[PDB]
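Engineer: First, the structure itself, so that you have it in front of you.
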Amino acid sequence: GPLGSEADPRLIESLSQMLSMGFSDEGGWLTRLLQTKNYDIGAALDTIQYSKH
């Protein structure tokens, strides 16, 4: 039962670009997104607009 939330070295690298671009991790949408996009900046940028529809 950890406090707050942790991250990884091969993950924060991506978030650094998102947060600077104008994003965040409210709720945990950018804490797992990158992990699913193989820590990508161009793929994560197109994961906020929508999902399928």
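Mapping the sequence shown onto the authors' numbering, position 17 (from 1) lands on 17, and the numbers just tick up by one. For every residue, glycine included, the Cβ atom is placed at its ideal position computed from N, Cα and C.
(1) What does a CB cutoff of less than 7 angstroms around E13 pick up in its chain, not counting 5 residues either side in sequence?
(2) In terms of alpha-carbon separation, which member of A43, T31, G22 lies closest to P9?
(3) Just tell me which of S51, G42, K52, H53 has its CA closest to the CA of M21.
(4) Which residue from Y50, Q17, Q35 puts its Cα closest to that of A7?
(5) In three-state terms, what does DSSP make of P2?
Structural biologist: Result, derived from the coordinates:
(1) On the sequence shown, residue 13 is found 13 positions in, with the first residue counted as 1. Excluding residues within five positions, the ones whose Cβ falls inside 7 angstroms are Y39.
(2) The residue labelled residue 9 in the question sits at position 9 within the sequence shown. Of the listed residues, the one whose Cα sits closest to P9 is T31.
(3) Mapped onto the sequence shown, residue 21 falls at position 21. Closest by alpha carbon: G42.
(4) Start at 1 with the first residue of the sequence shown, and residue 7 comes out as number 7. Here the closest residue by C-alpha is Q35.
(5) Mapped onto the sequence shown, residue 2 falls at position 2. In the structure shown, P2 sits in coil (DSSP, three-state: anything other than H, G, I, E or B).
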